[PDB]
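Engineer: Would you mind keeping the following structure in view while I ask a few things?
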Number of protein chains: 2
Amino acid sequence: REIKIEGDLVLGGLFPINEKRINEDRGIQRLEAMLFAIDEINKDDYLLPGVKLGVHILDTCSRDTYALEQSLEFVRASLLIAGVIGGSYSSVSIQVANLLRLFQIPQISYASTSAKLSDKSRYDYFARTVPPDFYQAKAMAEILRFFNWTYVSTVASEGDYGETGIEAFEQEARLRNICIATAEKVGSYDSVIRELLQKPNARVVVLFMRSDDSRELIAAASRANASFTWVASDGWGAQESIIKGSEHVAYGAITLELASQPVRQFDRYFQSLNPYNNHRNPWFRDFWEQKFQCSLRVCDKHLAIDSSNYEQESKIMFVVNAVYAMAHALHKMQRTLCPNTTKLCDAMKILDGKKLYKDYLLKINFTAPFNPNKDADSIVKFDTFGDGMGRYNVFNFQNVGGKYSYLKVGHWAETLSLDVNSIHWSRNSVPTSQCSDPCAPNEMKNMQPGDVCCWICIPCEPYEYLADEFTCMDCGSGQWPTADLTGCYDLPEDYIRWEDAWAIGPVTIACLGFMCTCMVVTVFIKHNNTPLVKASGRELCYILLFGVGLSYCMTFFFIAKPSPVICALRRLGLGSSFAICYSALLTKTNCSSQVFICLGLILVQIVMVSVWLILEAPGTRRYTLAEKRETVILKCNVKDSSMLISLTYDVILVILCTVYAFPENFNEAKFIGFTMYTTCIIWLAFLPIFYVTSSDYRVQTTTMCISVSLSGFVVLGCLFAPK
Amino acid sequence: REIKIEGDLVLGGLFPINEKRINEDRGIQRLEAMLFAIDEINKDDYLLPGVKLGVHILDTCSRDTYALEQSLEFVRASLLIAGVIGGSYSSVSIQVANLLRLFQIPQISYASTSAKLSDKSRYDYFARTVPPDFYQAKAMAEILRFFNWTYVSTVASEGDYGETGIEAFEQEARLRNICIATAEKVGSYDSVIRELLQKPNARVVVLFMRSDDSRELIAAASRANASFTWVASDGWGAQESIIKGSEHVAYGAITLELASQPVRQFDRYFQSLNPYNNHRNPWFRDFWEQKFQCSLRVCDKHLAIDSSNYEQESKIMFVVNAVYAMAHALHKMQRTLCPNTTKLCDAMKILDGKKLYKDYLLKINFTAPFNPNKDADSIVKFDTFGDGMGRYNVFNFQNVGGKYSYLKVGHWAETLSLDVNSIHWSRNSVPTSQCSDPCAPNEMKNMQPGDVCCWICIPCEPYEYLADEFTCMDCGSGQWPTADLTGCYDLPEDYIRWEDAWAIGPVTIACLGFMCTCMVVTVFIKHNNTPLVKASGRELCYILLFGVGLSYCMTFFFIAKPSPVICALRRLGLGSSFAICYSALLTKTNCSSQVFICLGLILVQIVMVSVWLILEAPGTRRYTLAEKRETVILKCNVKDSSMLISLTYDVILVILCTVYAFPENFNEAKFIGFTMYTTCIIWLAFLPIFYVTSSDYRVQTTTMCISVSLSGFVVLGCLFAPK
Ligand SMILES: N[C@](CC1c2ccccc2Oc2ccccc21)(C(=O)O)[C@H]1C[C@@H]1C(=O)O
Ligand SMILES: N[C@](CC1c2ccccc2Oc2ccccc21)(C(=O)O)[C@H]1C[C@@H]1C(=O)O
Ligand SMILES: *[C@@H]1O[C@H](CO)[C@@H](O)[C@H](O)[C@H]1NC(C)=O
Ligand SMILES: *[C@@H]1O[C@H](CO)[C@@H](O)[C@H](O)[C@H]1NC(C)=O
């Protein structure tokens with residue numbers, strides 16, 4: 001059975017008014033709204049005056065292979081058609097787009113929200129007046145980056161709602177760094193809430209599921225006493241038969257629903273339908289015996305459609321709207337292609353469908369009817385694909401005192417414009433659900449435990465530099481870390497001795513070793529004919545006057561600064577105070593006389609080249625040293641053995657003065673025999689005092705300054721009796 | 001009008017037997033072959049015995065919107081159908097795949113080669129028995145990489161043959177490095193051969209065009225006398241009405257055609273069709289009055305279908321083949337789904353089309369009929385998309401002597417298997433058409449002039465290293481290039497002097513300067529009480545004996561090797577032979593006497609520290625030098641001014657001996673007065689001899705060796721009279 005009424009040019013409709021029983025909520029509630037919407041068009045002079053509209057609507061029986069064998073009665077007049085209206089479901093309007101494409105006919109579906117239907121290179125005569133469902137992974141990914149929740153755990157639903165919603169959620173999740181944790185797919189029952197506790201720092205579940213497979217979750221997560229704050233897509237909606245099981249666990253969620261003001265005058269029409277004043281609809285004499293349970297038992301004559309039984313559908317403002325889309329596009333045809341006329345012209349029999357849909361239906365813009373406060377949001381655009389503007393609502397769940405009941409807290413069209421005083425989630429909080437907060441460069445060794453987007457960031461070493469965001473290494477041996485831990489610094493070395501409370505030492509030692517060396521110059525070179533310059537020698541003792549000041553200044557050319565040529569001189573300077581100041585004064589004391597000078601130099605230069613022998617490979621180097629990771633010193637190329645090789649090898653010479661001090665016994669054991677060991681105690685007792693030191697400050701000069709203080713009167717103290 | 005004959009289950013066909021006149025070549029020649037192919041199936045007991053086949057074929061009128069309004073007579077029995085055969089064109093079998101998909105019916109097209117029809121997620125009931133045209137950019141890109149032609153210039157054709165062939169040629173061109181040059185698109189006439197001469201190192205044109213827009217090219221490139229060797233796709237084919245205009249310019253091309261042996265017994269059938277023994281076909285009584293020009297003028301009773309007028313079509317082995325595809329798939333149905341029977345069982349009324357095409361039609365494999373030497377290439381596979389195996393032919397154009405006529409030189413199925421003795425292109429050549437051949441690393445500076453794939457490669461510098469394939473830089477100052485020009489080498493420096501035909505010089509100079517210094521030791525230190533050691537001094541002249549050998553060996557510690565401490569000694573060694581060997585022998589010659597020694601040292605050490613003064617900042621360095629890009633020397637840190645500062649500043653001392661040589665006139669001007677300038681001539685005359693040199697080999701010692709030869713007898717030659 002079907003219904004067709006003629007006219008100037010007619011429309012066509014499909015409507016699910018059978019079930020695989022009359023579908024009394026999604027069926028007749030919609031179909032009798034279209035026939036109301038026609039009867040305003042044929043009685044409004046500001047609309048199409050002469051184009052008297054009729055209709056030819058069928059019964060799509062909610063199954064695809066009954067639509068096709070029904071839809072051919074449209075196309076078998078090419079009772080002509082100008083465009084079908086309506087494919088209600090989303091599998092029944094994908095098999096009358098693959099057969100109304102092939103005959104150049106526009107198709108306007110009033111409810112069918114899916115995502116494949118906007119693939120306009122495959123369904124190129126299809127424009128609908130509901131938003132698709134790639135615009136619900138663009139609210140629940142913009143009321144997550146408004147509350148700064150960045151670690152969620154989503155659960156889909158199996159079939160064709162979830163797998164094209166969630167795979168459109170992740171691709172709008174990476175665009176705001178909102179990175180998910182766990183993605184289960186319910187087709188089990190208690191396991192999907194078992195896996196949703198193993199990440200307990202994720203307190204927001206994005207719930208993208210149907211309206212039947214989101215009772216068995218909530219009735220399971222009330223049978224385990226857990227709690228969350230859910231965001232959920234249109235499967236929840238405002239349907240108040242999803243919380244009547246467990247009115248406590250679902251408290252505090254926020255969800256979305258398609259916004260639609262009810263149409264006012266339609267309730268003043270549809271509540272005046274008695275089945276004796278409706279001789280037009282061939283289903284009204286079978287719907288009336290189903291929502292009243294009669295059999296026209298026996299029907300009552302006083303029965304009517306009151307306001308206690310006819311709460312109208314959510315989607316009625318998407319039929320009365322989306323038949324005015326056709327009755328304004330086809331108003332532009334008769335007033336442009338054939339002007340100066342009212343009736344259908346002769347150029348209307350070739351009803352160019354391809355020129356209709358692609359030119360001046362898809363680019364139309366007009367206010368909605370039956371709405372007060374016009375041009376607020378009541379304009380019906382179409383985008384560049386055939387999908388109307390998405391205007392949602394955000395429903396919160398404020399349990400005000402007595403009964404758990406829903407509430408509206410704002411909406412969005414392109415910018416989420418909430419009212420920020422309904423967050424009633426756990427007790428009163430903004431339940432952040434963000435893991436492992438960003439941290440300071442002091443703890444910049446951020447390493448993740450295997451799961452992405454939250455980590456541990458620990459302080460690595462104070463001698464280390466932050467190499468990367470997830471890597472740090474040491475700034476370097478001889479490179480000290482600065483605050484800019486990417487490129488840190490070098491390390492300041494240490495060799496300073498310019499008055500380190502010790503450099504005044506050799507100055508006063510020169511004031512006692514070299515200043516009293518002029519007292520040697522006051523007597524010893526002042527008498528070269530005295531009996532003191534006789535075979536009891538004093539012209540020999542100019543070589544003690546030469547070493548009177550060089551021994552008083554040996555560390556004066558060592559303790560300044562280890563510059564690699566300058567410190568090599570004092571490396572080569574230990575031998576001069578080993579032979580010509582000590583051993584030359586330890587060779588002439590065997591007591592010829594006329595040739596008594598040359599016998600000394602025959603034994604003096606036996607070690608003058610041996611200092612160059614140890615200077616063969618090592619020498620003229622001032623390499624640096626560092627032990628405790630922040631303490632660095634600048635020293636010389638000298639081992640402890642080689643430092644002993646200058647110390648304990650030249651201290652063997654005291655064995656060459658033990659018996660050698662004691663046929664020339666005369667007045668020489670009293671004074672020059674006295675200093676054979678009492679000057680050597682500065683070398684005997686000071687052997688292990690270098691073995692202990694490592695800073696080497698006072699021992700840097702006490703191997704010289706006490707010994708040269710002995711040298712101020714080794715023989716000149718006994719030569720102080722005359723003059 | 002149409003034709004339907006009943007049966008157990010029937011097939012359906014579309015055939016272009018009208019033109020937008022009966023299409024007597026592509027029409028009735030094909031349609032009457034299908035009805036022949038049926039009448040062997042209903043009379044072959046090894047085939048389907050009880051399934052008596054009938055047919056119901058229509059007239060697709062070569063236009064899309066006449067196929068659809070014709071094709072609904074198939075689908076209005078769901079006179080039932082089991083699968084349509086045939087969509088002939090390639091726009092008429094893309095509008096009976098978008099309407100036979102929607103009702104689960106397989107479709108087999110016998111000729112329709114295109115590329116969109118293998119998009120089997122959009123046309124999912126479509127299997128054809130011709131190869132598509134993504135398998136003709138896979139022969140003409142494999143008989144280009146067999147003759148090693150790698151630089152071509154292709155010309156497409158506008159519409160839907162070229163733009164889906166050439167855009168499938170480039171994507172099979174980059175896979176073998178065969179890179180194209182110019183891609184014009186003919187929709188002008190003479191300009192497309194104007195642009196095909198501006199790259200005259202491209203002698204092969206890939207010609208991917210139709211059969212009408214490839215006469216206007218050849219009839220233009222004969223009106224400009226040019227020449228090429230063409231490869232061309234199936235637009236040429238073997239059609240001998242494309243060369244009859246210009247039988248000389250097109251000589252030597254090679255082209256492709258779909259291989260099809262003619263069907264033998266069909267010519268023994270179709271040549272027995274009189275229009276009184278054919279009471280079945282409702283077009284045969286209008287085709288007969290068109291290929292005989294009669295009007296059944298007046299027809300002749302003796303007229304018949306002879307062998308002089310019925311040269312059969314190329315594509316008849318693709319209909320008699322591709323109706324046996326259905327009559328072997330549907331043989332497997334009746335012998336599996338309902339075995340132990342011959343007739344159609346009760347489970348045949350639900351003819352499961354989706355279970356038919358996707359399971360055991362697309363995976364079928366069977367020999368072709370009416371062909372001798374079976375199983376050579378006569379098996380009919382289907383690939384994983386619904387496209388048969390591509391088996392072409394490669395036609396060459398050997399002009400044998402008298403007439404230009406085509407010839408077959410081999411074929412390919414998956415491997416191009418030619419016969420390599422037909423290359424008859426210009427005179428007799430393999431016309432390589434490859435630009436700017438690869439070259440040696442000696443010329444590895446390969447830079448392209450703007451056009452890709454051919455370049456110029458030039459030799460860059462012999463002191464340069466090949467950095468990249470298109471970049472070279474210098475190997476380095478102090479880095480010599482090797483043959484491995486990626487990482488070349490360092491450069492060997494030059495400081496060698498170990499017997500460079502000059503080191504024996506100072507050895508013999510020591511044999512005359514230091515060996516005769518022992519002759520000074522033979523007399524001068526052998527008498528310290530003689531009148532020669534008196535106030536006429538000789539104990540002073542030990543300082544001439546000291547400098548007797550050090551002047552004989554000053555370059556002996558300079559000309560060895562410039563090691564940076566060792567050469568610094570000879571840098572510090574010029575002063576000793578400037579004062580104590582020369583100026584100390586130029587200070588005592590003012591003639592006290594008892595203190596005559598200390599007056600000399602008061603003036604001797606006036607320049608002993610001035611050598612350290614110029615050694616303040618510069619010194620102990622041995623930096624290297626190089627001028628002519630392959631010649632490097634190792635020298636010392638010495639400028640020409642500083643080398644003069646050791647030379648011309650110490651040569652001022654001759655002005656301190658001019659008047660100073662001449663109250664002590666005695667016997668001293670004869671010998672020691674003689675050497676005041678005749679030793680200075682070794683310093684006077686040798687001032688500019690350093691200003692010229694840069695190799696410094698003989699002048700490295702002649703500033704010493706002649707002067708020390710004077711020093712062998714400066715005073716000892718006059719002290720040679722006694723002893
Ligand atoms: N357009 C809907 C949307 C629908 C849907 C809506 C909410 C929850 C589950 C659900 O199941 C799917 C699955 C795929 C595509 C669309 C949906 C339809 O039924 O197709 C529905 C408004 C139409 C009506 O029933 O009036
Ligand atoms: N299948 C063909 C192939 C055809 C074609 C072949 C050669 C040159 C030009 C040309 O034009 C196009 C353009 C697009 C797709 C196919 C073609 C057809 O006519 O469609 C032709 C074998 C069918 C027949 O005519 O019997
Ligand atoms: C993060 O979101 C909260 C939610 O109220 C907001 O107040 C806050 O300003 C956001 N953070 C920053 C750094 O802006
Ligand atoms: C390039 O192609 C020619 C064509 O005859 C072939 O003989 C030759 O071997 C090919 N080049 C190489 C390097 O194989």
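By order of appearance in the structure tokens: chains A, B, ..., then residues from 1 within every chain, and ligands from 1 in the order shown.
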Using only C-alpha atoms and all ligand atoms, find each protein or nucleic acid residue lying at most 9 Å from ligand 4; present the set as a ChimeraX atom specification.
Structural biologist: /B:144-149,420,430,432
Engineer: The selected residues should be written to file as a compact mmCIF listing (two decimals), in the first residue's frame (atoms: N, CA, C and O atoms).
Structural biologist:
# COMPACT_ATOMS: atom_id res chain seq x y z
N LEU B 144 61.78 -1.02 -23.15
CA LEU B 144 62.74 0.07 -23.06
C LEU B 144 63.93 -0.27 -22.18
O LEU B 144 65.04 0.15 -22.49
N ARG B 145 63.73 -1.02 -21.10
CA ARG B 145 64.85 -1.49 -20.30
C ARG B 145 65.37 -2.83 -20.77
O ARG B 145 66.02 -3.54 -20.00
N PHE B 146 65.09 -3.21 -22.01
CA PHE B 146 65.76 -4.31 -22.68
C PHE B 146 66.66 -3.84 -23.79
O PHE B 146 67.64 -4.52 -24.10
N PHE B 147 66.36 -2.71 -24.39
CA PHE B 147 67.27 -2.09 -25.34
C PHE B 147 68.08 -0.96 -24.71
O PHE B 147 68.77 -0.25 -25.42
N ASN B 148 67.98 -0.81 -23.38
CA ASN B 148 68.72 0.18 -22.59
C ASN B 148 68.50 1.61 -23.06
O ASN B 148 69.37 2.47 -22.90
N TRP B 149 67.34 1.91 -23.62
CA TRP B 149 66.99 3.29 -23.90
C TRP B 149 66.52 3.91 -22.60
O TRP B 149 65.60 3.39 -21.97
N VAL B 420 65.74 -10.90 -31.62
CA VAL B 420 66.48 -9.65 -31.51
C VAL B 420 67.05 -9.18 -32.84
O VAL B 420 67.93 -8.32 -32.88
N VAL B 430 70.87 0.36 -33.18
CA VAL B 430 70.17 0.19 -31.91
C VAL B 430 70.15 1.60 -31.33
O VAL B 430 71.04 1.97 -30.55
N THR B 432 70.40 4.39 -29.48
CA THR B 432 70.50 4.32 -28.02
C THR B 432 69.71 5.41 -27.31
O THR B 432 68.99 5.13 -26.34
Engineer: I'd like to know which residues of segment 323-380 of chain B are alpha helix (DSSP H) (by DSSP, run on the backbone); could you write them as a list in words?
Structural biologist: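 Everything in segment 323-380 of chain B that counts as alpha helix (DSSP H) is residues 326, 327, 328, 329, 330, 331, 332, 333, 334, 353, 354, 355, 356, 357, 358, 359 and 360 of chain B.
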Engineer: Once you count only C-alpha atoms, what closest atom pair and distance in Å to one decimal does each residue of chain A within 9 Å of chain B have, with rows by chain and rising residue number, as CSV?
Structural biologist:
residue,atom,partner,partner_atom,distance
A:65,CA,B:103,CA,8.7
A:68,CA,B:102,CA,8.5
A:69,CA,B:78,CA,8.3
A:78,CA,B:69,CA,8.3
A:95,CA,B:102,CA,7.9
A:98,CA,B:98,CA,7.5
A:99,CA,B:99,CA,7.3
A:102,CA,B:98,CA,7.9
A:103,CA,B:65,CA,8.7
Engineer: Kindly save the residues from that selection, with C-alpha atoms included, as a PDB file, in the first residue's frame.
Structural biologist:
ATOM      1  CA  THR A  65      16.396  -5.067   0.266  1.00  0.00           C
ATOM      2  CA  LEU A  68      15.302  -1.128  -3.473  1.00  0.00           C
ATOM      3  CA  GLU A  69      12.353  -3.212  -4.660  1.00  0.00           C
ATOM      4  CA  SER A  78      11.904   8.387 -16.541  1.00  0.00           C
ATOM      5  CA  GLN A  95      20.969   1.890  -0.938  1.00  0.00           C
ATOM      6  CA  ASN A  98      23.401   4.054  -5.085  1.00  0.00           C
ATOM      7  CA  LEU A  99      20.251   4.020  -7.173  1.00  0.00           C
ATOM      8  CA  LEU A 102      22.273   6.852 -11.547  1.00  0.00           C
ATOM      9  CA  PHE A 103      19.252   8.867 -12.688  1.00  0.00           C
TER      10      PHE A 103
END
Engineer: Just the number, please: distance in Å from atom 26 (O, counted along the ligand's line) of ligand 1 to atom CA of residue 133 of chain A, one decimal.
Structural biologist: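 Computed distance, atom 26 (O, counted along the ligand's line) of ligand 1 to atom CA of residue 133 of chain A, equals 14.1 Å.
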Engineer: For residue 131 of chain B, please output as a PyMOL selection string all residues within 8 Å (counting only C-alpha atoms; exclusion window: fewer than 5 positions along the same chain).
Structural biologist: chain B and resi 113+387-390
Engineer: Could those residues be written to a file, using N, CA and C atoms, as a tab-separated table (two decimals), in the first residue's frame?
Structural biologist:
chain	number	residue	atom	x	y	z
B	113	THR	N	38.25	-2.98	-21.81
B	113	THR	CA	39.51	-2.69	-21.16
B	113	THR	C	39.54	-1.24	-20.67
B	387	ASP	N	40.48	-9.91	-13.78
B	387	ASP	CA	41.10	-9.47	-15.02
B	387	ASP	C	41.99	-10.57	-15.55
B	388	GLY	N	41.72	-11.02	-16.77
B	388	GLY	CA	42.41	-12.15	-17.34
B	388	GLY	C	43.88	-11.89	-17.59
B	389	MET	N	44.58	-12.95	-17.98
B	389	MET	CA	46.02	-12.87	-18.15
B	389	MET	C	46.35	-12.13	-19.44
B	390	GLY	N	47.27	-11.18	-19.36
B	390	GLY	CA	47.61	-10.38	-20.52
B	390	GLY	C	48.65	-11.01	-21.42
Engineer: Extract, using only C-alpha atoms, all DNA, RNA and protein residues at most 7 Å from segment 29-44 of chain B, discarding same-chain residues fewer than 4 positions from it, and format them as JSON, numbers by chain.
Structural biologist: {"B": [15, 24, 25, 52, 53, 313, 316, 319, 320]}
Engineer: With N, CA, C and O atoms retained, write the just-selected residues as a PDB file, in the first residue's frame.
Structural biologist:
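Result file follows (again.pdb):
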ATOM      1  N   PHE B  15      24.971  -5.819 -26.370  1.00  0.00           N
ATOM      2  CA  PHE B  15      25.798  -5.829 -27.561  1.00  0.00           C
ATOM      3  C   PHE B  15      25.523  -4.578 -28.373  1.00  0.00           C
ATOM      4  O   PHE B  15      24.356  -4.282 -28.649  1.00  0.00           O
ATOM      5  N   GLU B  24      27.933  -3.035 -38.341  1.00  0.00           N
ATOM      6  CA  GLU B  24      28.129  -4.348 -38.956  1.00  0.00           C
ATOM      7  C   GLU B  24      29.464  -5.010 -38.637  1.00  0.00           C
ATOM      8  O   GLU B  24      29.681  -6.138 -39.087  1.00  0.00           O
ATOM      9  N   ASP B  25      30.363  -4.370 -37.898  1.00  0.00           N
ATOM     10  CA  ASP B  25      31.662  -4.955 -37.596  1.00  0.00           C
ATOM     11  C   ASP B  25      31.815  -5.320 -36.130  1.00  0.00           C
ATOM     12  O   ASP B  25      32.258  -6.425 -35.816  1.00  0.00           O
ATOM     13  N   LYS B  52      19.543 -26.883 -19.418  1.00  0.00           N
ATOM     14  CA  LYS B  52      19.367 -26.444 -20.798  1.00  0.00           C
ATOM     15  C   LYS B  52      19.437 -24.924 -20.846  1.00  0.00           C
ATOM     16  O   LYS B  52      18.553 -24.237 -20.329  1.00  0.00           O
ATOM     17  N   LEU B  53      20.488 -24.401 -21.469  1.00  0.00           N
ATOM     18  CA  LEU B  53      20.735 -22.968 -21.482  1.00  0.00           C
ATOM     19  C   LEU B  53      19.840 -22.262 -22.485  1.00  0.00           C
ATOM     20  O   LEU B  53      19.594 -22.767 -23.582  1.00  0.00           O
ATOM     21  N   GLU B 313      36.180 -10.755 -36.806  1.00  0.00           N
ATOM     22  CA  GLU B 313      36.646  -9.756 -35.863  1.00  0.00           C
ATOM     23  C   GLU B 313      37.885 -10.248 -35.115  1.00  0.00           C
ATOM     24  O   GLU B 313      38.188 -11.442 -35.077  1.00  0.00           O
ATOM     25  N   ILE B 316      36.680 -12.222 -31.204  1.00  0.00           N
ATOM     26  CA  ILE B 316      35.696 -13.283 -31.136  1.00  0.00           C
ATOM     27  C   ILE B 316      36.160 -14.405 -30.223  1.00  0.00           C
ATOM     28  O   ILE B 316      35.338 -14.990 -29.512  1.00  0.00           O
ATOM     29  N   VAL B 319      34.597 -13.702 -26.712  1.00  0.00           N
ATOM     30  CA  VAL B 319      33.208 -13.995 -26.381  1.00  0.00           C
ATOM     31  C   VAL B 319      32.991 -15.486 -26.189  1.00  0.00           C
ATOM     32  O   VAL B 319      32.445 -15.906 -25.172  1.00  0.00           O
ATOM     33  N   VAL B 320      33.449 -16.304 -27.143  1.00  0.00           N
ATOM     34  CA  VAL B 320      33.317 -17.755 -27.045  1.00  0.00           C
ATOM     35  C   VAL B 320      34.136 -18.285 -25.878  1.00  0.00           C
ATOM     36  O   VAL B 320      33.746 -19.253 -25.217  1.00  0.00           O
TER      37      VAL B 320
END
Engineer: Can you measure atom CA of residue 396 of chain B to atom CA of residue 239 of chain B for me? One decimal in Å is fine.
Structural biologist: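 Going from atom CA of residue 396 of chain B over to atom CA of residue 239 of chain B covers 12.6 Å.
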Engineer: Within 7 Å of ligand 2 (counting only C-alpha atoms and all ligand atoms), which residues show up? I'd like them as a JSON list (two decimals) with N, CA and C atoms, in the first residue's frame.
Structural biologist:
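Output file pocket.json is given in full below:
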[["chain", "number", "residue", "atom", "x", "y", "z"],
["B", 26, "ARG", "N", 31.46, -4.42, -35.22],
["B", 26, "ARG", "CA", 31.53, -4.66, -33.79],
["B", 26, "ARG", "C", 30.22, -5.16, -33.22],
["B", 88, "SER", "N", 30.19, -3.84, -23.75],
["B", 88, "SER", "CA", 31.17, -3.75, -24.82],
["B", 88, "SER", "C", 32.09, -2.56, -24.68],
["B", 89, "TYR", "N", 31.54, -1.36, -24.63],
["B", 89, "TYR", "CA", 32.36, -0.17, -24.52],
["B", 89, "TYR", "C", 32.95, -0.05, -23.12],
["B", 90, "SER", "N", 33.58, 1.06, -22.84],
["B", 90, "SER", "CA", 34.05, 1.24, -21.49],
["B", 90, "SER", "C", 33.34, 2.33, -20.75],
["B", 111, "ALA", "N", 35.05, -7.38, -23.62],
["B", 111, "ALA", "CA", 36.07, -6.57, -24.26],
["B", 111, "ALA", "C", 36.51, -5.36, -23.47],
["B", 112, "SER", "N", 35.78, -4.95, -22.44],
["B", 112, "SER", "CA", 35.92, -3.61, -21.90],
["B", 112, "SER", "C", 37.21, -3.41, -21.12],
["B", 113, "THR", "N", 38.25, -2.98, -21.81],
["B", 113, "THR", "CA", 39.51, -2.69, -21.16],
["B", 113, "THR", "C", 39.54, -1.24, -20.67],
["B", 114, "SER", "N", 39.55, -1.07, -19.36],
["B", 114, "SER", "CA", 39.87, 0.23, -18.78],
["B", 114, "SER", "C", 40.57, -0.01, -17.45],
["B", 160, "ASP", "N", 40.29, 10.12, -21.91],
["B", 160, "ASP", "CA", 40.33, 9.08, -20.89],
["B", 160, "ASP", "C", 41.12, 7.86, -21.33],
["B", 161, "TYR", "N", 41.81, 7.92, -22.46],
["B", 161, "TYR", "CA", 42.79, 6.91, -22.81],
["B", 161, "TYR", "C", 44.19, 7.33, -22.41],
["B", 210, "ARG", "N", 45.26, 7.52, -29.44],
["B", 210, "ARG", "CA", 44.12, 6.84, -30.02],
["B", 210, "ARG", "C", 44.44, 6.37, -31.44],
["B", 211, "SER", "N", 43.41, 6.01, -32.20],
["B", 211, "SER", "CA", 43.60, 5.64, -33.59],
["B", 211, "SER", "C", 43.15, 6.71, -34.57],
["B", 234, "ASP", "N", 48.31, 0.56, -28.17],
["B", 234, "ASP", "CA", 47.33, -0.14, -28.99],
["B", 234, "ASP", "C", 46.52, 0.77, -29.90],
["B", 235, "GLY", "N", 46.74, 2.08, -29.88],
["B", 235, "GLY", "CA", 46.06, 2.95, -30.82],
["B", 235, "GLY", "C", 46.51, 2.70, -32.25]]
Engineer: Among segment 48-81 of chain B, which residues carry a DSSP assignment of strand (DSSP E), reported as a list in words?
Structural biologist: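 Those residues are residues 53, 54, 55, 56, 57, 58 and 59 of chain B.
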Engineer: How about saving the chosen residues, N, CA, C and O atoms kept, as a JSON list (two decimals), in the first residue's frame?
Structural biologist:
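Writing the result to selection_21.json gives the following:
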[["chain", "number", "residue", "atom", "x", "y", "z"],
["B", 53, "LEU", "N", 20.49, -24.40, -21.47],
["B", 53, "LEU", "CA", 20.74, -22.97, -21.48],
["B", 53, "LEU", "C", 19.84, -22.26, -22.49],
["B", 53, "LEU", "O", 19.59, -22.77, -23.58],
["B", 54, "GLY", "N", 19.34, -21.09, -22.09],
["B", 54, "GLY", "CA", 18.74, -20.15, -23.02],
["B", 54, "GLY", "C", 19.40, -18.79, -22.84],
["B", 54, "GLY", "O", 20.31, -18.63, -22.03],
["B", 55, "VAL", "N", 18.93, -17.82, -23.62],
["B", 55, "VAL", "CA", 19.50, -16.48, -23.56],
["B", 55, "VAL", "C", 18.41, -15.42, -23.66],
["B", 55, "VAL", "O", 17.30, -15.68, -24.14],
["B", 56, "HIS", "N", 18.76, -14.22, -23.21],
["B", 56, "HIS", "CA", 17.90, -13.05, -23.29],
["B", 56, "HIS", "C", 18.83, -11.84, -23.45],
["B", 56, "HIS", "O", 19.33, -11.30, -22.46],
["B", 57, "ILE", "N", 19.06, -11.44, -24.70],
["B", 57, "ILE", "CA", 20.06, -10.43, -25.03],
["B", 57, "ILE", "C", 19.38, -9.19, -25.58],
["B", 57, "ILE", "O", 18.37, -9.26, -26.29],
["B", 58, "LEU", "N", 19.94, -8.03, -25.26],
["B", 58, "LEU", "CA", 19.36, -6.75, -25.64],
["B", 58, "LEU", "C", 20.33, -5.99, -26.54],
["B", 58, "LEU", "O", 21.37, -6.51, -26.93],
["B", 59, "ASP", "N", 19.99, -4.75, -26.84],
["B", 59, "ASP", "CA", 20.71, -3.94, -27.82],
["B", 59, "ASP", "C", 21.16, -2.66, -27.15],
["B", 59, "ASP", "O", 20.38, -1.71, -27.06]]
Engineer: Compile the contact shell of residue 614 of chain B as number ranges by chain: residues with an atom at most 10 Å away, counting only C-alpha atoms, same-chain residues fewer than 5 positions apart removed.
Structural biologist: B: 572, 609, 619, 642, 645-646
